[PDB]
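Trainee: Quick one: structure below, then a few questions.
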Amino acid sequence: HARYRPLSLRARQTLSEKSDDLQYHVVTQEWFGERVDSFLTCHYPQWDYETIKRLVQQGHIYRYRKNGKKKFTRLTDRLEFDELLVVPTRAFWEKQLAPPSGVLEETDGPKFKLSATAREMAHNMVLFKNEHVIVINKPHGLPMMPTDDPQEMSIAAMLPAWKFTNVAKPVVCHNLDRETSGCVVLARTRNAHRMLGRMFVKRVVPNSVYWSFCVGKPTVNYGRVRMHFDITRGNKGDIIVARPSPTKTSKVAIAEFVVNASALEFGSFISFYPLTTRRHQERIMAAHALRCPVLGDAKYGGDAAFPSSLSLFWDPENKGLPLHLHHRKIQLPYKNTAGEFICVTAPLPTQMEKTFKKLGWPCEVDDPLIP
Amino acid sequence: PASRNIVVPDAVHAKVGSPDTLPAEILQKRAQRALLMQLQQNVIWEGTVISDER
């Protein structure tokens, strides 16, 4: 909810101590030795153990031992005689600036019906599935989140389709562009989502690859690309200023590009291994840092991503050419029976398969750079 | 030679609404919009009326 401001540690402590919306449960003879978690579970049936643990471990719920200081306790610590246990209230969470933990609130929303054809499409889309995670081959044209036009299809909309024998639908762990296809990961459970979210933040060891067909050939076969973006809002779209040097408000974008095989100076096949997440880092780096736009990228390589070189295969005047960028070989923490991590791949889309076949290069090949 | 002026007739200039004159981004966006609408028609989506044929 709104009216929640970012608070430093001192500000949070000051607000917590000043607020009068606190309930003090006395520890009597009957609840002396009872554990904190059991006491809270008994006294707050409406709350969930997740909320209990979050509050206790983040300090929103504490105890006062008459010691002149508020002790912050673990869930496994025993209580004591004639001591207070301070717990906030709905008033504490709402009528002030301190935001609550993202569980205790009772927010809810409606549902949405899906057609049998859509469910079958989702089932065919699914690639890998276990008790924790799903990896699906998101197509080219479909978007991930709802578009500026509410009446449009989306992966978020289709999410309930692959709610296999689970009460709650999975949650997307990361998002792809509306023009890029390939693997996308869904966490089945909330704990799985929290654990797997640490993969998609900025990292130094690549775990996924992007196969791209780029017009032109970079001067070097393998290398690293680093660009600092200063995304800002514009009239309708957003401006993306890219610079080589850092800046206070800029965000870095790092990738490792390997030219798997280049036909000639006209076209090339590149693999991008990103160490960072930014709006359109792969496309921007291919277009500017490498000076080799993707074969279907009109947003950056306008009139240059559609070359007359491949007039025999693709019509240069057909601006609807799908982007020749494909997410592939996402590596997951979960291992297999052989002891090695699970690397889920996605088959190349129709256009990239056609281009590879026409150039004579094989399509189904294992990328050793992502073990 | 250089001093001589040359007048270019408007005929050679491409039409304003021509795809050549239009930036490639607009053409790609329109093509992708058409593809998305075709996909929505192919798989029954909510609020999608089948007013077409085939």
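Going through the structure tokens in order, the chains are called A, B, and so on, while each chain numbers its residues from 1 and the ligands are numbered from 1 in the order shown.
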List the spatial neighbours of range 134-151 of chain A as a PyMOL selection string - criterion: any atom at most 6 Å away, only C-alpha atoms, same-chain residues fewer than 6 positions off excluded.

Mentor: chain A and resi 125-128+178-186+346

Trainee: When you look at range 27-33 of chain A with a cut-off of 12 Å (counting only C-alpha atoms), what residues show up, excluding the ones that are within fewer than 5 positions of it in the same chain? I need them as number ranges by chain.

Mentor: A: 38-40, 42-43, 63-66, 76-86

Trainee: Could you give me, as a list in words, the residues within 12 Å of residue 18 in chain B, counting only C-alpha atoms and dropping anything in the same chain fewer than 6 positions from it?

Mentor: residues 24, 26 and 27 of chain B

Trainee: Kindly determine which residues of chain B lie within 7 Å of chain A, considering only C-alpha atoms, and give the answer as a JSON list (two decimals) with C-alpha atoms, in the first residue's frame.

Mentor:
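In the end it all went to selection_27.json:
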[["chain", "number", "residue", "atom", "x", "y", "z"],
["B", 24, "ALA", "CA", 11.30, 0.24, -39.44],
["B", 25, "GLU", "CA", 10.21, 0.32, -35.79],
["B", 27, "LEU", "CA", 6.44, -1.43, -39.39],
["B", 28, "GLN", "CA", 7.74, -4.10, -37.00],
["B", 31, "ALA", "CA", 3.43, -6.59, -37.90],
["B", 32, "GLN", "CA", 3.80, -7.87, -34.33],
["B", 36, "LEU", "CA", -0.58, -11.15, -31.68],
["B", 43, "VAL", "CA", -6.58, -19.59, -29.33],
["B", 44, "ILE", "CA", -9.85, -18.42, -27.82],
["B", 45, "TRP", "CA", -9.01, -15.48, -25.55]]

Trainee: Name all residues at most 7 Å from residue 324 in chain A (count only C-alpha atoms; drop same-chain ones fewer than 5 positions away) and give them as a list in words.

Mentor: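 That gives residues 212, 213, 294, 295, 296 and 352 of chain A.
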
Trainee: In chain B, what's alpha helix (DSSP H) per DSSP? Answer as a PyMOL selection string?

Mentor: chain B and resi 24-42

Trainee: Calculate how many Å separate CA of residue 129 in chain A from CA of residue 164 in chain A, rounding to one decimal.

Mentor: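 Distance between the two atoms: 9.7 Å.
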
Trainee: Hey, can you check how far CA of residue 258 in chain A sits from CA of residue 220 in chain A?

Mentor: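 Taking CA of residue 258 in chain A and CA of residue 220 in chain A, their separation equals 8.8 Å.
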
Trainee: Please give the complete set of residues from range 137-303 of chain A that DSSP, run on the backbone, assigns to strand (DSSP E or B), formatted as a PDB file with N, CA, C and O atoms, in the first residue's frame.

Mentor:
ATOM      1  N   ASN A 137       8.976 -22.751 -22.721  1.00  0.00           N
ATOM      2  CA  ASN A 137       9.516 -22.129 -23.928  1.00  0.00           C
ATOM      3  C   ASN A 137       8.591 -20.991 -24.333  1.00  0.00           C
ATOM      4  O   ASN A 137       7.713 -21.145 -25.183  1.00  0.00           O
ATOM      5  N   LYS A 138       8.792 -19.831 -23.721  1.00  0.00           N
ATOM      6  CA  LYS A 138       7.994 -18.665 -24.059  1.00  0.00           C
ATOM      7  C   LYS A 138       8.187 -18.332 -25.537  1.00  0.00           C
ATOM      8  O   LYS A 138       9.335 -18.228 -25.997  1.00  0.00           O
ATOM      9  N   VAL A 171       4.754 -18.557  -9.895  1.00  0.00           N
ATOM     10  CA  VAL A 171       5.104 -17.150 -10.069  1.00  0.00           C
ATOM     11  C   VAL A 171       6.329 -17.050 -10.966  1.00  0.00           C
ATOM     12  O   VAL A 171       7.317 -17.762 -10.765  1.00  0.00           O
ATOM     13  N   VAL A 172       6.267 -16.160 -11.958  1.00  0.00           N
ATOM     14  CA  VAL A 172       7.403 -15.968 -12.852  1.00  0.00           C
ATOM     15  C   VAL A 172       8.589 -15.461 -12.050  1.00  0.00           C
ATOM     16  O   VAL A 172       8.464 -14.528 -11.247  1.00  0.00           O
ATOM     17  N   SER A 181      12.203 -14.959 -27.562  1.00  0.00           N
ATOM     18  CA  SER A 181      11.657 -16.241 -27.148  1.00  0.00           C
ATOM     19  C   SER A 181      12.713 -17.030 -26.387  1.00  0.00           C
ATOM     20  O   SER A 181      13.894 -16.674 -26.364  1.00  0.00           O
ATOM     21  N   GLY A 182      12.272 -18.117 -25.758  1.00  0.00           N
ATOM     22  CA  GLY A 182      13.188 -19.034 -25.117  1.00  0.00           C
ATOM     23  C   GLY A 182      12.728 -19.396 -23.725  1.00  0.00           C
ATOM     24  O   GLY A 182      11.564 -19.203 -23.364  1.00  0.00           O
ATOM     25  N   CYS A 183      13.655 -19.934 -22.940  1.00  0.00           N
ATOM     26  CA  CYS A 183      13.315 -20.447 -21.621  1.00  0.00           C
ATOM     27  C   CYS A 183      12.903 -19.320 -20.683  1.00  0.00           C
ATOM     28  O   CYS A 183      13.518 -18.251 -20.659  1.00  0.00           O
ATOM     29  N   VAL A 184      11.850 -19.567 -19.910  1.00  0.00           N
ATOM     30  CA  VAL A 184      11.451 -18.691 -18.815  1.00  0.00           C
ATOM     31  C   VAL A 184      11.048 -19.571 -17.640  1.00  0.00           C
ATOM     32  O   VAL A 184      10.450 -20.637 -17.822  1.00  0.00           O
ATOM     33  N   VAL A 185      11.381 -19.120 -16.432  1.00  0.00           N
ATOM     34  CA  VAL A 185      11.348 -19.948 -15.233  1.00  0.00           C
ATOM     35  C   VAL A 185      10.203 -19.495 -14.338  1.00  0.00           C
ATOM     36  O   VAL A 185      10.000 -18.292 -14.133  1.00  0.00           O
ATOM     37  N   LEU A 186       9.466 -20.462 -13.801  1.00  0.00           N
ATOM     38  CA  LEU A 186       8.366 -20.223 -12.878  1.00  0.00           C
ATOM     39  C   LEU A 186       8.618 -21.014 -11.604  1.00  0.00           C
ATOM     40  O   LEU A 186       8.910 -22.212 -11.663  1.00  0.00           O
ATOM     41  N   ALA A 187       8.501 -20.350 -10.461  1.00  0.00           N
ATOM     42  CA  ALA A 187       8.617 -21.009  -9.170  1.00  0.00           C
ATOM     43  C   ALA A 187       7.252 -21.533  -8.746  1.00  0.00           C
ATOM     44  O   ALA A 187       6.271 -20.781  -8.729  1.00  0.00           O
ATOM     45  N   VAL A 209      22.361 -18.673 -21.509  1.00  0.00           N
ATOM     46  CA  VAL A 209      22.945 -18.197 -22.759  1.00  0.00           C
ATOM     47  C   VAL A 209      21.838 -17.640 -23.640  1.00  0.00           C
ATOM     48  O   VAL A 209      20.659 -17.947 -23.459  1.00  0.00           O
ATOM     49  N   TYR A 210      22.229 -16.788 -24.583  1.00  0.00           N
ATOM     50  CA  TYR A 210      21.333 -16.236 -25.590  1.00  0.00           C
ATOM     51  C   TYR A 210      21.964 -16.451 -26.956  1.00  0.00           C
ATOM     52  O   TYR A 210      23.003 -15.857 -27.257  1.00  0.00           O
ATOM     53  N   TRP A 211      21.347 -17.300 -27.770  1.00  0.00           N
ATOM     54  CA  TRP A 211      21.786 -17.499 -29.143  1.00  0.00           C
ATOM     55  C   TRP A 211      21.148 -16.436 -30.023  1.00  0.00           C
ATOM     56  O   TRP A 211      19.922 -16.292 -30.042  1.00  0.00           O
ATOM     57  N   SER A 212      21.978 -15.690 -30.746  1.00  0.00           N
ATOM     58  CA  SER A 212      21.506 -14.600 -31.581  1.00  0.00           C
ATOM     59  C   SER A 212      22.141 -14.698 -32.957  1.00  0.00           C
ATOM     60  O   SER A 212      23.278 -15.157 -33.099  1.00  0.00           O
ATOM     61  N   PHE A 213      21.391 -14.279 -33.968  1.00  0.00           N
ATOM     62  CA  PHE A 213      21.916 -14.131 -35.320  1.00  0.00           C
ATOM     63  C   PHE A 213      22.033 -12.639 -35.603  1.00  0.00           C
ATOM     64  O   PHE A 213      21.021 -11.942 -35.725  1.00  0.00           O
ATOM     65  N   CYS A 214      23.265 -12.155 -35.708  1.00  0.00           N
ATOM     66  CA  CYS A 214      23.548 -10.730 -35.794  1.00  0.00           C
ATOM     67  C   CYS A 214      24.052 -10.376 -37.185  1.00  0.00           C
ATOM     68  O   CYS A 214      24.961 -11.030 -37.708  1.00  0.00           O
ATOM     69  N   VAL A 215      23.464  -9.335 -37.777  1.00  0.00           N
ATOM     70  CA  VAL A 215      23.968  -8.832 -39.044  1.00  0.00           C
ATOM     71  C   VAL A 215      25.372  -8.276 -38.834  1.00  0.00           C
ATOM     72  O   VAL A 215      25.633  -7.513 -37.896  1.00  0.00           O
ATOM     73  N   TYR A 222      35.648 -13.587 -29.484  1.00  0.00           N
ATOM     74  CA  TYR A 222      35.168 -13.675 -28.114  1.00  0.00           C
ATOM     75  C   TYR A 222      35.634 -12.459 -27.331  1.00  0.00           C
ATOM     76  O   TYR A 222      36.741 -11.960 -27.543  1.00  0.00           O
ATOM     77  N   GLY A 223      34.784 -11.988 -26.427  1.00  0.00           N
ATOM     78  CA  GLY A 223      35.144 -10.839 -25.621  1.00  0.00           C
ATOM     79  C   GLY A 223      34.068 -10.516 -24.611  1.00  0.00           C
ATOM     80  O   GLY A 223      33.101 -11.261 -24.443  1.00  0.00           O
ATOM     81  N   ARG A 224      34.256  -9.386 -23.936  1.00  0.00           N
ATOM     82  CA  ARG A 224      33.323  -8.893 -22.937  1.00  0.00           C
ATOM     83  C   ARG A 224      32.809  -7.518 -23.337  1.00  0.00           C
ATOM     84  O   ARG A 224      33.537  -6.707 -23.916  1.00  0.00           O
ATOM     85  N   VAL A 225      31.543  -7.269 -23.018  1.00  0.00           N
ATOM     86  CA  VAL A 225      30.874  -6.012 -23.316  1.00  0.00           C
ATOM     87  C   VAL A 225      30.360  -5.423 -22.014  1.00  0.00           C
ATOM     88  O   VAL A 225      29.744  -6.127 -21.206  1.00  0.00           O
ATOM     89  N   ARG A 226      30.619  -4.134 -21.811  1.00  0.00           N
ATOM     90  CA  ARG A 226      30.186  -3.425 -20.613  1.00  0.00           C
ATOM     91  C   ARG A 226      29.649  -2.063 -21.020  1.00  0.00           C
ATOM     92  O   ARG A 226      30.358  -1.285 -21.666  1.00  0.00           O
ATOM     93  N   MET A 227      28.406  -1.776 -20.647  1.00  0.00           N
ATOM     94  CA  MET A 227      27.777  -0.501 -20.967  1.00  0.00           C
ATOM     95  C   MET A 227      26.934  -0.049 -19.787  1.00  0.00           C
ATOM     96  O   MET A 227      26.234  -0.859 -19.179  1.00  0.00           O
ATOM     97  N   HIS A 228      26.983   1.241 -19.467  1.00  0.00           N
ATOM     98  CA  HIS A 228      26.194   1.797 -18.378  1.00  0.00           C
ATOM     99  C   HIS A 228      24.981   2.508 -18.962  1.00  0.00           C
ATOM    100  O   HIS A 228      25.128   3.421 -19.782  1.00  0.00           O
ATOM    101  N   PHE A 229      23.794   2.086 -18.542  1.00  0.00           N
ATOM    102  CA  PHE A 229      22.537   2.622 -19.039  1.00  0.00           C
ATOM    103  C   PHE A 229      21.962   3.627 -18.050  1.00  0.00           C
ATOM    104  O   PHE A 229      22.089   3.475 -16.833  1.00  0.00           O
ATOM    105  N   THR A 232      15.677   6.669 -18.740  1.00  0.00           N
ATOM    106  CA  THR A 232      14.869   7.772 -18.244  1.00  0.00           C
ATOM    107  C   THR A 232      13.550   7.783 -19.001  1.00  0.00           C
ATOM    108  O   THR A 232      13.422   7.194 -20.078  1.00  0.00           O
ATOM    109  N   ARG A 233      12.558   8.451 -18.425  1.00  0.00           N
ATOM    110  CA  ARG A 233      11.236   8.511 -19.027  1.00  0.00           C
ATOM    111  C   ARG A 233      11.190   9.588 -20.104  1.00  0.00           C
ATOM    112  O   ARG A 233      11.818  10.643 -19.986  1.00  0.00           O
ATOM    113  N   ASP A 238      10.584   5.280 -23.478  1.00  0.00           N
ATOM    114  CA  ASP A 238      11.653   5.594 -22.542  1.00  0.00           C
ATOM    115  C   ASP A 238      12.970   5.722 -23.291  1.00  0.00           C
ATOM    116  O   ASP A 238      13.260   4.934 -24.197  1.00  0.00           O
ATOM    117  N   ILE A 239      13.762   6.715 -22.910  1.00  0.00           N
ATOM    118  CA  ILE A 239      15.071   6.947 -23.507  1.00  0.00           C
ATOM    119  C   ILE A 239      16.097   6.109 -22.761  1.00  0.00           C
ATOM    120  O   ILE A 239      16.029   5.965 -21.534  1.00  0.00           O
ATOM    121  N   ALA A 242      23.330   5.153 -23.261  1.00  0.00           N
ATOM    122  CA  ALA A 242      24.392   4.203 -22.966  1.00  0.00           C
ATOM    123  C   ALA A 242      25.731   4.920 -23.002  1.00  0.00           C
ATOM    124  O   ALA A 242      26.010   5.685 -23.930  1.00  0.00           O
ATOM    125  N   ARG A 243      26.551   4.674 -21.990  1.00  0.00           N
ATOM    126  CA  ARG A 243      27.849   5.314 -21.861  1.00  0.00           C
ATOM    127  C   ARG A 243      28.882   4.274 -21.459  1.00  0.00           C
ATOM    128  O   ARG A 243      28.532   3.208 -20.941  1.00  0.00           O
ATOM    129  N   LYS A 251      23.142   2.299 -14.401  1.00  0.00           N
ATOM    130  CA  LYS A 251      23.180   0.892 -14.026  1.00  0.00           C
ATOM    131  C   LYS A 251      24.023   0.141 -15.043  1.00  0.00           C
ATOM    132  O   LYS A 251      23.887   0.365 -16.247  1.00  0.00           O
ATOM    133  N   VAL A 252      24.883  -0.754 -14.563  1.00  0.00           N
ATOM    134  CA  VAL A 252      25.814  -1.436 -15.451  1.00  0.00           C
ATOM    135  C   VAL A 252      25.104  -2.573 -16.183  1.00  0.00           C
ATOM    136  O   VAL A 252      24.078  -3.095 -15.742  1.00  0.00           O
ATOM    137  N   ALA A 253      25.669  -2.950 -17.328  1.00  0.00           N
ATOM    138  CA  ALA A 253      25.201  -4.081 -18.117  1.00  0.00           C
ATOM    139  C   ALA A 253      26.427  -4.774 -18.681  1.00  0.00           C
ATOM    140  O   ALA A 253      27.178  -4.169 -19.452  1.00  0.00           O
ATOM    141  N   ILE A 254      26.625  -6.032 -18.294  1.00  0.00           N
ATOM    142  CA  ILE A 254      27.836  -6.780 -18.606  1.00  0.00           C
ATOM    143  C   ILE A 254      27.445  -8.084 -19.284  1.00  0.00           C
ATOM    144  O   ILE A 254      26.506  -8.762 -18.856  1.00  0.00           O
ATOM    145  N   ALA A 255      28.178  -8.442 -20.333  1.00  0.00           N
ATOM    146  CA  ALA A 255      27.943  -9.707 -21.010  1.00  0.00           C
ATOM    147  C   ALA A 255      29.252 -10.227 -21.580  1.00  0.00           C
ATOM    148  O   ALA A 255      30.217  -9.483 -21.755  1.00  0.00           O
ATOM    149  N   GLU A 256      29.273 -11.528 -21.855  1.00  0.00           N
ATOM    150  CA  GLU A 256      30.390 -12.188 -22.522  1.00  0.00           C
ATOM    151  C   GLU A 256      29.874 -12.732 -23.845  1.00  0.00           C
ATOM    152  O   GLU A 256      28.986 -13.589 -23.861  1.00  0.00           O
ATOM    153  N   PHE A 257      30.416 -12.235 -24.950  1.00  0.00           N
ATOM    154  CA  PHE A 257      29.969 -12.644 -26.272  1.00  0.00           C
ATOM    155  C   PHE A 257      30.999 -13.568 -26.902  1.00  0.00           C
ATOM    156  O   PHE A 257      32.205 -13.305 -26.847  1.00  0.00           O
ATOM    157  N   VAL A 258      30.515 -14.663 -27.481  1.00  0.00           N
ATOM    158  CA  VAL A 258      31.357 -15.616 -28.195  1.00  0.00           C
ATOM    159  C   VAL A 258      30.741 -15.847 -29.566  1.00  0.00           C
ATOM    160  O   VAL A 258      29.585 -16.273 -29.664  1.00  0.00           O
ATOM    161  N   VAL A 259      31.504 -15.567 -30.620  1.00  0.00           N
ATOM    162  CA  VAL A 259      31.039 -15.777 -31.989  1.00  0.00           C
ATOM    163  C   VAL A 259      31.166 -17.269 -32.277  1.00  0.00           C
ATOM    164  O   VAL A 259      32.252 -17.762 -32.585  1.00  0.00           O
ATOM    165  N   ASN A 260      30.052 -17.997 -32.178  1.00  0.00           N
ATOM    166  CA  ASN A 260      30.105 -19.439 -32.386  1.00  0.00           C
ATOM    167  C   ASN A 260      30.548 -19.768 -33.803  1.00  0.00           C
ATOM    168  O   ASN A 260      31.395 -20.645 -34.011  1.00  0.00           O
ATOM    169  N   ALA A 261      29.992 -19.072 -34.791  1.00  0.00           N
ATOM    170  CA  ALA A 261      30.389 -19.259 -36.178  1.00  0.00           C
ATOM    171  C   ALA A 261      29.833 -18.130 -37.034  1.00  0.00           C
ATOM    172  O   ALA A 261      28.636 -17.832 -36.975  1.00  0.00           O
ATOM    173  N   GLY A 267      26.971 -11.801 -42.031  1.00  0.00           N
ATOM    174  CA  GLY A 267      26.182 -12.295 -40.918  1.00  0.00           C
ATOM    175  C   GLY A 267      27.001 -13.108 -39.938  1.00  0.00           C
ATOM    176  O   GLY A 267      28.085 -13.586 -40.284  1.00  0.00           O
ATOM    177  N   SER A 268      26.503 -13.278 -38.715  1.00  0.00           N
ATOM    178  CA  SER A 268      27.244 -14.026 -37.711  1.00  0.00           C
ATOM    179  C   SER A 268      26.273 -14.649 -36.721  1.00  0.00           C
ATOM    180  O   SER A 268      25.138 -14.193 -36.562  1.00  0.00           O
ATOM    181  N   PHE A 269      26.746 -15.699 -36.055  1.00  0.00           N
ATOM    182  CA  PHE A 269      26.012 -16.381 -34.996  1.00  0.00           C
ATOM    183  C   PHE A 269      26.775 -16.174 -33.696  1.00  0.00           C
ATOM    184  O   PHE A 269      27.928 -16.601 -33.579  1.00  0.00           O
ATOM    185  N   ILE A 270      26.133 -15.532 -32.726  1.00  0.00           N
ATOM    186  CA  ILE A 270      26.789 -15.147 -31.485  1.00  0.00           C
ATOM    187  C   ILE A 270      26.031 -15.754 -30.315  1.00  0.00           C
ATOM    188  O   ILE A 270      24.830 -16.028 -30.397  1.00  0.00           O
ATOM    189  N   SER A 271      26.754 -15.986 -29.225  1.00  0.00           N
ATOM    190  CA  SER A 271      26.177 -16.431 -27.966  1.00  0.00           C
ATOM    191  C   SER A 271      26.538 -15.408 -26.901  1.00  0.00           C
ATOM    192  O   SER A 271      27.721 -15.110 -26.699  1.00  0.00           O
ATOM    193  N   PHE A 272      25.521 -14.869 -26.237  1.00  0.00           N
ATOM    194  CA  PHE A 272      25.696 -13.889 -25.175  1.00  0.00           C
ATOM    195  C   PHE A 272      25.460 -14.553 -23.828  1.00  0.00           C
ATOM    196  O   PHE A 272      24.450 -15.233 -23.636  1.00  0.00           O
ATOM    197  N   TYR A 273      26.392 -14.353 -22.903  1.00  0.00           N
ATOM    198  CA  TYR A 273      26.264 -14.835 -21.529  1.00  0.00           C
ATOM    199  C   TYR A 273      26.194 -13.615 -20.624  1.00  0.00           C
ATOM    200  O   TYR A 273      27.225 -12.963 -20.382  1.00  0.00           O
ATOM    201  N   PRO A 274      25.015 -13.235 -20.139  1.00  0.00           N
ATOM    202  CA  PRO A 274      24.899 -11.986 -19.385  1.00  0.00           C
ATOM    203  C   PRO A 274      25.224 -12.158 -17.911  1.00  0.00           C
ATOM    204  O   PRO A 274      24.794 -13.110 -17.256  1.00  0.00           O
ATOM    205  N   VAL A 294      20.915  -7.610 -34.164  1.00  0.00           N
ATOM    206  CA  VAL A 294      20.230  -8.880 -34.369  1.00  0.00           C
ATOM    207  C   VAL A 294      19.429  -8.816 -35.664  1.00  0.00           C
ATOM    208  O   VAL A 294      18.981  -7.746 -36.095  1.00  0.00           O
TER     209      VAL A 294
END

Trainee: Find the distance between CA of residue 52 in chain A and CA of residue 22 in chain A and write it in Å to one decimal.

Mentor: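 So the answer is 15.6 Å.
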
Trainee: Would you list the contacts of residue 341 in chain A as a VMD selection string, taking every protein, DNA or RNA residue within 7 Å and counting only C-alpha atoms, but skipping same-chain residues closer than 6 positions in sequence?

Mentor: chain A and resid 331 to 335

Trainee: As a list in words, please: the residues near residue 52 in chain B (cut-off 12 Å, only C-alpha atoms, same-chain neighbours under 2 positions excluded).

Mentor: residues 37, 38, 41, 42, 48, 49, 50 and 54 of chain B

Trainee: Do a neighbour search on residue 105 in chain A at 12 Å with only C-alpha atoms, toss out local chain neighbours closer than 3 positions, and write the hits as a PDB file with N, CA and C atoms, in the first residue's frame.

Mentor:
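And here is the file that came out, around-v6.pdb:
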ATOM      1  N   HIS A   1       0.834  -1.195   0.000  1.00  0.00           N
ATOM      2  CA  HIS A   1       0.000   0.000   0.000  1.00  0.00           C
ATOM      3  C   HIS A   1       0.874   1.251   0.000  1.00  0.00           C
ATOM      4  N   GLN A  46      -5.233 -16.322  13.432  1.00  0.00           N
ATOM      5  CA  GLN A  46      -5.429 -15.802  12.082  1.00  0.00           C
ATOM      6  C   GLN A  46      -4.116 -15.709  11.315  1.00  0.00           C
ATOM      7  N   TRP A  47      -3.023 -15.367  11.993  1.00  0.00           N
ATOM      8  CA  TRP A  47      -1.737 -15.224  11.332  1.00  0.00           C
ATOM      9  C   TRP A  47      -1.197 -16.592  10.921  1.00  0.00           C
ATOM     10  N   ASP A  48      -0.252 -16.577   9.986  1.00  0.00           N
ATOM     11  CA  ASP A  48       0.402 -17.778   9.498  1.00  0.00           C
ATOM     12  C   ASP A  48       1.814 -17.845  10.060  1.00  0.00           C
ATOM     13  N   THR A  51       4.229 -15.469   8.631  1.00  0.00           N
ATOM     14  CA  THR A  51       4.158 -14.124   9.190  1.00  0.00           C
ATOM     15  C   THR A  51       4.796 -14.075  10.570  1.00  0.00           C
ATOM     16  N   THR A  89      -0.011  -4.046  15.912  1.00  0.00           N
ATOM     17  CA  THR A  89      -1.424  -4.190  15.607  1.00  0.00           C
ATOM     18  C   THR A  89      -1.702  -3.693  14.194  1.00  0.00           C
ATOM     19  N   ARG A  90      -2.897  -4.013  13.698  1.00  0.00           N
ATOM     20  CA  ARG A  90      -3.325  -3.547  12.386  1.00  0.00           C
ATOM     21  C   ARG A  90      -3.189  -2.033  12.307  1.00  0.00           C
ATOM     22  N   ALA A  91      -3.503  -1.341  13.403  1.00  0.00           N
ATOM     23  CA  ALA A  91      -3.299   0.102  13.440  1.00  0.00           C
ATOM     24  C   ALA A  91      -1.825   0.446  13.276  1.00  0.00           C
ATOM     25  N   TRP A  93       0.393  -1.209  11.655  1.00  0.00           N
ATOM     26  CA  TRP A  93       0.814  -1.458  10.283  1.00  0.00           C
ATOM     27  C   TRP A  93       0.217  -0.465   9.296  1.00  0.00           C
ATOM     28  N   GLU A  94      -0.999   0.015   9.551  1.00  0.00           N
ATOM     29  CA  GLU A  94      -1.666   0.873   8.577  1.00  0.00           C
ATOM     30  C   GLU A  94      -1.406   2.349   8.859  1.00  0.00           C
ATOM     31  N   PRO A  99       6.269   0.222   6.766  1.00  0.00           N
ATOM     32  CA  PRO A  99       5.591  -0.816   5.984  1.00  0.00           C
ATOM     33  C   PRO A  99       5.658  -2.159   6.687  1.00  0.00           C
ATOM     34  N   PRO A 100       4.630  -2.988   6.555  1.00  0.00           N
ATOM     35  CA  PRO A 100       4.649  -4.311   7.178  1.00  0.00           C
ATOM     36  C   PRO A 100       5.411  -5.320   6.326  1.00  0.00           C
ATOM     37  N   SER A 101       5.681  -6.472   6.931  1.00  0.00           N
ATOM     38  CA  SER A 101       6.198  -7.593   6.164  1.00  0.00           C
ATOM     39  C   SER A 101       5.163  -8.004   5.124  1.00  0.00           C
ATOM     40  N   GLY A 102       5.639  -8.486   3.982  1.00  0.00           N
ATOM     41  CA  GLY A 102       4.776  -8.665   2.830  1.00  0.00           C
ATOM     42  C   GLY A 102       3.840  -9.853   2.905  1.00  0.00           C
ATOM     43  N   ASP A 108      -6.242  -9.363  -1.424  1.00  0.00           N
ATOM     44  CA  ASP A 108      -6.781 -10.431  -2.251  1.00  0.00           C
ATOM     45  C   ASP A 108      -7.218  -9.836  -3.582  1.00  0.00           C
TER      46      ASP A 108
END
